[PDB]
Amino acid sequence: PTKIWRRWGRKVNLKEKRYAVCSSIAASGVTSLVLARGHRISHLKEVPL
Amino acid sequence: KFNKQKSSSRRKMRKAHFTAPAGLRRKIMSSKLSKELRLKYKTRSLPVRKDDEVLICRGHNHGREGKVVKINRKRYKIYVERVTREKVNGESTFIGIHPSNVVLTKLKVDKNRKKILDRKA
Amino acid sequence: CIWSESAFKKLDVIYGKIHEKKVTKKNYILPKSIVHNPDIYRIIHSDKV
Amino acid sequence: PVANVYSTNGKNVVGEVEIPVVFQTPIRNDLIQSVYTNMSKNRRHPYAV
Amino acid sequence: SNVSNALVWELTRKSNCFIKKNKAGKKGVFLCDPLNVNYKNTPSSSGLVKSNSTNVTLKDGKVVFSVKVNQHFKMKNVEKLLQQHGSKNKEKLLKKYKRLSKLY
Amino acid sequence: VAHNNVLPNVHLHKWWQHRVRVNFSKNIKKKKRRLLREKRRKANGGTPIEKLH
Amino acid sequence: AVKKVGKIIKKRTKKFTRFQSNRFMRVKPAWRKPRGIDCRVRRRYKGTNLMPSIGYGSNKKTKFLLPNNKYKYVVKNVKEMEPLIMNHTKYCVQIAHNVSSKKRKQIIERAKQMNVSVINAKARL
Amino acid sequence: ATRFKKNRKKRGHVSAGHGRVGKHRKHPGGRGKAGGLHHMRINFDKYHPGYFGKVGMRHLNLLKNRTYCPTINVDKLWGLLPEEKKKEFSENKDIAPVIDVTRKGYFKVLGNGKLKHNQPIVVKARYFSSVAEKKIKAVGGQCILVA
Amino acid sequence: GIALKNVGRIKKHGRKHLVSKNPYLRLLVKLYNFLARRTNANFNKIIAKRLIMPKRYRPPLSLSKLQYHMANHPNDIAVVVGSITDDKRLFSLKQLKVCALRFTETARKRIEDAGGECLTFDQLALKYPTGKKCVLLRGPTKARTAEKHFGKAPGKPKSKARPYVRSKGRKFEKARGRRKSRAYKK
RNA sequence: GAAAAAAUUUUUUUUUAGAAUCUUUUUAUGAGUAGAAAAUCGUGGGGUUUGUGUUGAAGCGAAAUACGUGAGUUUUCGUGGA
RNA sequence: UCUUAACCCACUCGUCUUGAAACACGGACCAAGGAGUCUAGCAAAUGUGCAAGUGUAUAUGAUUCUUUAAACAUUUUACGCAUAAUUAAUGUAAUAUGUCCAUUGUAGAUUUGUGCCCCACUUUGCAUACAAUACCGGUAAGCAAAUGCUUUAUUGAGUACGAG
RNA sequence: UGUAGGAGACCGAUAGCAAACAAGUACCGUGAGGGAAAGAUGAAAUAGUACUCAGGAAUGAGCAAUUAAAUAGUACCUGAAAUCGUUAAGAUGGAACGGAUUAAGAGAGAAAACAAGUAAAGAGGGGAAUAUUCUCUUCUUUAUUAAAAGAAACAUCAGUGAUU
């Protein structure tokens, strides 16, 4: 049977989480990555908008 | 959407639709009001009544205006004057129309409706 | 991403250029990169190499 | 390292702001992906028999 | 700094929303970014990877010349524009435009 | 028991399935405690509700 | 035996058959490797359900190529045909099974203009 | 998680990847730590040497607070100052740092390593080694016993 | 037929390419593999091989140890295929020039303050092509605590392997079979 | 970075590669239960992406000059009505 | 493609078994269902972040309150494991101030030079392997009034600029 | 647990509460108790099978008839397999299929498995130039030249053989 007590969640680590946020924001900064992510961003003036 | 009081879960809503009591059923048999009337009353939509005159605008009878015969709250069907149809045994009955498929023109005021129309105003 | 100018200015404050008492995340720094510059082809192109 | 700020209508460009130092962090796709999978996992409601 | 062409390619040689990969016909992989000259999955051709570049596409029933920040224009006119703004490839691109031009 | 690995020692031997409890309640319980205490402070005429120690 | 045609050698034909599917209905026809303590087929007995193995494989410079001499590409929308203009001599379109007749016609027409072969050409008319 | 598991790699194979001949039977030696001293004695001798029997004095309630006492070696002592302060002491001979070992949460000072020769230092702590006193004295510093 | 060891298929051991999915590290292995393939210098190959190594094998290195190594030629550049960690035992540092994979935050601050130079591998390649005037170093490798449970088995004569225990007090694995008094000694 | 062929020196036709777990090439080699591994492939749901649907979806029956060593994948006609 | 032919070949699969085509067992047929999982604690492997620290616990705080039962935040020694060991134990506890130097060997990676590149000398001497010394806890033995002493034995899951 | 809310990376009618249905029901047990099976027409039956003919009756048929659809007809969605019917084709001397290779039948097919362009003149579609000039095209037709492609046959080499 499936019990109520599967290991549902995970304790993700503070320093890693912060880094992931910083890096994700930084990635958004780069034009090629946003375009690659598939946005129809062709006529936008600048990617850090 | 935002309130957590009213459930938005599909099953539960569907059950509510089918198991609805008669007063609630009377409420959700409401019809879009015609433009002249909408202008007159400042009102989008009304619960239908027997002696009113509807115009059909969805389904296979979309040219037809006419007076309402009977409304059936059990079956969710209104019936109209000349949307007659013969059955297999050569007997004439009325084609069921669902309220969304009719736009209501001339409506007959009475004191209960007059109260509603004032309440809307 | 669409940023307000106020948001944009506040972002820099958050990660500690001109830090603050409660806005800035305390004791935290931007993770330094493993590679300083990733232009591998420029390094290969470069005269000494 | 300056980025342009825009007006409400795009037919103007207003005052230039310095690019926040956050955007210079290493991109680190694997971190973002791995952190996202763990983080997302914590959202779930449980199920049993 | 923190980002350059090799890094971009490592980031986008796999994850990439304009990669389209042919499951039925095992040979095919295309990369369909609007600045790909040829539709290869290669940092030779990738519109994401390439620093500044020239491509003819087709958008909403009109052929478009685009150049990479980012311009748009509407055979001789195309030839002149390429000769101007551009920087083997030009010759290939002109040939591509003729072939493309036939469509309606 | 097999080779180098430390000796086993798990005390789940007396019946334990009938004795788990899994707290999915953390954030909601925290929110509830906060809301009651805040409500109490609001009720109490703008006074502090904390006592000196 | 070997099935040569021009530049295309394929070594084997007759699609490999799951052992015993001849003589019991439940046994599915598509392949399965026999395990078995001792069973003929795993043990490679003479003249019985010869096991497939990798060395049979088509040549690596002609691996997937249709008798069309062009690689098959499945298409369900005219936008997806935007790459294949540059490979019209070496890839051939197949229009996806799901695609409705109005759209399908449009895809056939675009392909013809673009000078690319269309294999399931007469479909749904 | 599940998709990577070993059993899926072996999925149709009769033993489930667990031996045709002997097969995997339930509880195959007897439970847990049972076979010690007898049929699994060789494992117990070879992997947990000292395990059986009792040794030494009994202690009825340990009450672990009484005997708590973290250590630090003298080696790390200057490191409890920040850099800039240390440099300033190196420059100026006339003053020396006191270091209260209690504030950083250590109780006994031990003698590993070499102190900087001819910087005196005053060390405040609950406990010292013999060696530590000699070393601290050797560089011209003093030890102060303090609760 | 024929008879050959492993039927004529040669068996190399260890890594074959990096496991790491990290883009920067992927970029670095590409770069050093290229330097390795083109040049004949042994420096490039060893840097490439060491760069591929798993997490346990490349250790953290202390500053103090690095100073001891650089002492007899302090003109030149230490390269260390690992992370460099800081030390509170080290009183002071005489302006070293160090390439490392990763710097602990405090160490970088100290080295910079001392007037030293912190190089990333890309920078090292760019400045120095063949490892000219460089010194490859790596830290204590076997000294990892895990390895003390390896080797000739614990409780087999003289061998110094750590056992595994719940806790290291007097009632746990310290009586029968570890002394003269109670059966055989260690 | 141009190779060839076709026309009637000048026009047309074909191709024109740089994906690093990848491309070119070379040579050796290929048994397998118990066992171990890697690489694939498929089913239910999820996030993400870009699509097919009433000029007929899924399903199903029969197939197919179809592709794959193979699990399979793809498609034709028929049924089907979401 | 299918269909019969024809030459030649070809024993019921699963299975336990030294040895099954068996006068061994299970299988009339078909369809759907149907079997190495989950938790706890431990380990190594490998990945990832930080690094003498590390984890932010419980919990608090937020114009955080569809999603959100998640995310976010945490005024200049709480706790776990690590950072030091050892002895039954009162307990004791790492070269040693001649020096910010960092015990000795033999091989040994990397480097410098000579007579852009193979050599052979030299030069530095990592990792690691093998030893050697010191020193710390226990025990001997010798001495003994003392902050116990000793050039000597031993013993430890010890130490000799950390690694978690 | 009782009752009321709200939920879901949960199950989808052999599952999931035993129980989506008139379920603690039918049914079984002296009794304590044991304890099921069984959801789906269609948009609308206020469209649920009128009428004629043959039938004692069931039913059947129709030139008749509801429906978009009755081979959706109340066993009502889709409708696999096992199994069995009809016709056609083949086979047929004490097993049947099978494998490896061809054959003779029987079906299928043109996407590589011939012919670009050019002209004549119909039918379409576009793109540009500054509503009409230029130019690109797809389908049809007439006729009119390419060319390539595979298979043959012989010949020349080269490689590997056999022969006198």
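Residues numbered from 1 in each chain as written, not as in the entry; some residues may be left out. Chains lettered and ligands numbered in written order. Part of a larger assembly, values for the part shown. Heavy atoms only, no water.

Per the deposited record, determination of this structure is attributed to cryo-EM, with the resolution reported as 6.7 Å.

Colleague: Looking at this model, I keep getting lost on the pattern of salt bridges. Mind explaining?
Modeller: Oppositely charged side chains are able to pair whenever their charged atoms sit close together. Under the defined criterion, the tally for this structure stands at 28 salt bridges over all chains. A salt bridge links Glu81 of chain B to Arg82 of chain B; the shortest N-O distance between them is 2.6 Å. The partner of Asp87 of chain I in a salt bridge is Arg89 of chain I, and the shortest N-O contact between them spans 2.6 Å. Residue classification places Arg89 of chain I among the partly exposed positions, given a relative accessible area of 48%. A network of salt bridges, in which partner residues are shared, links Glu83 and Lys86 of chain H together with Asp86 and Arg110 of chain I. (Salt bridge = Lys/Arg side-chain N within 4 Å of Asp/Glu carboxyl O. Buried < 20%, exposed > 50% of the residue type's maximum accessible area, 1.4 Å probe, protein only.)

Colleague: What am I meant to see in the protein's contact with RNA strand J here?
Modeller: In the vicinity of RNA strand J lie 68 residues, with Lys88 of chain E, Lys10, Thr89 and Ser100 of chain G together with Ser15 of chain H positioned nearest. If you look at RNA strand J and keep only atoms within 4 Å of the protein, 86% of those are sugar or phosphate atoms. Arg124 of chain G places a polar side-chain atom, nitrogen or oxygen, 2.7 Å from a phosphate oxygen of RNA strand J. Mapped by element, the contributors of at least two residues to the surface near RNA strand J are α3 (89-101) of chain E, β3 (71-75), β4 (91-95) and α1 (101-114) of chain G together with α1 (23-38) of chain I. Top element by residues in the surface near RNA strand J is α1 of chain G. It accounts for four residues. (Near = heavy atom within 4 Å. Polar contact = N/O pair within 3.5 Å; in protein donor to acceptor, adjacent residues only side chain to side chain. Helix = DSSP H or I, 4+ residues; strand = E, 2+ residues; numbered from the N terminus.)

Colleague: Please clarify how the protein's contact with RNA strand L should be interpreted in this entry.
Modeller: Surrounding RNA strand L, one finds 38 residues, the nearest of these being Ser7, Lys12 and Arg85 of chain B together with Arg12 and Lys70 of chain G. Sugar and phosphate atoms represent 76% of those atoms of RNA strand L found within 4 Å of the protein. Within the contact set of RNA strand L, a phosphate oxygen lies 2.6 Å away from a side-chain nitrogen or oxygen of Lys70 of chain G. Those elements that provide at least two residues to the surface near RNA strand L are β5 (77-86) and β6 (92-97) of chain B.

Colleague: Sorry, what's going on with the sheet that holds strand β4 (residues 62-67) of chain E here?
Modeller: Two strands in a sheet stick together by hydrogen bonds in their backbones, pointing the same way (parallel) or opposite ways (antiparallel). Residues and elements named next belong to chain E. The sheet built from three strands is open, its strands ordered β3-β4-β5 with antiparallel pairing. Because the sheet does not close on itself, it has two edges, and the strands there are β3 (54-59) and β5 (71-73). In this sheet, adjacent strand axes meet at a mean angle of 30 degrees when their direction is disregarded. Sheet analysis places β3 next to β4, joined by six bridges and oriented antiparallel. By the bridge assignment for β4, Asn55 is matched with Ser66. Seen against the sheet, α3 touches β3 and β4 and runs at an angle of roughly 10 degrees to β3. (Pairing = 2+ DSSP bridges. Axes fitted to C-alpha atoms, helices over the stretch in contact; angles between N-to-C directions. Contact = heavy atoms within 4.5 Å.)

Colleague: Before we go on, may I ask you to explain the interface of chain E and chain C in this structure?
Modeller: It is common to give the size of an interface as the accessible area that goes away when the parts come together. If you look at the interface, chain E gives six residues, while chain C gives six residues. Taking both partners together, chain E and chain C bury about 420 Å²; carbon and sulfur atoms supply 57% of that area. Three residues stand out in chain E for area buried against chain C, namely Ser1, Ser4 and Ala6 of chain E, and they jointly supply 83% of the buried area on that side. Across the chain E-chain C interface, the total number found is zero salt bridges. For the pair chain E and chain C, the interface holds one residue pair in polar contact. Considering only residue class, the side of chain E that touches chain C consists of three nonpolar, three polar and no charged. (Buried area = accessible area lost by both parts, 1.4 Å probe. Nonpolar A, V, L, I, M, F, W, Y, C, P; charged D, E, K, R; others polar.)

Colleague: Is there a simple way to explain a positive patch on the surface in this structure?
Modeller: Together, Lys33, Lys54 and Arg58 of chain H together with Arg166, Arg170, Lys171, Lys174, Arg179, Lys180, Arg182 and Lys185 of chain I give the surface a local cluster of positive charge. Tracing the chain through its elements places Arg182 of chain I in the segment after β5 (134-137). (Patch = residues over 30% accessible without salt bridge, like charges linked within 9 Å, V, L, I, M, F, W, Y side chains within 5 Å. Areas by Shrake-Rupley, 256 points an atom, 1.4 Å probe, with all protein chains shown as cover. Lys, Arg positive; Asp, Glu negative; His and termini not counted. Charge placed at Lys NZ, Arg CZ, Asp CG, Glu CD.)

Colleague: So what exactly am I meant to see when it comes to the interface of chain I and chain H here?
Modeller: At the interface, 19 residues of chain I touch 22 residues of chain H. Interface area for chain I against chain H, summed over the two sides, is near 2000 Å², with a carbon-plus-sulfur share of 52%. On the chain I side of the contact with chain H, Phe91, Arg170 and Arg176 of chain I bury the most area, a combined 37% of that side's loss. Here chain I is connected to chain H by two salt bridges. Residue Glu83 of chain H pairs with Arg110 of chain I through a salt bridge whose shortest N-O separation is 2.7 Å.

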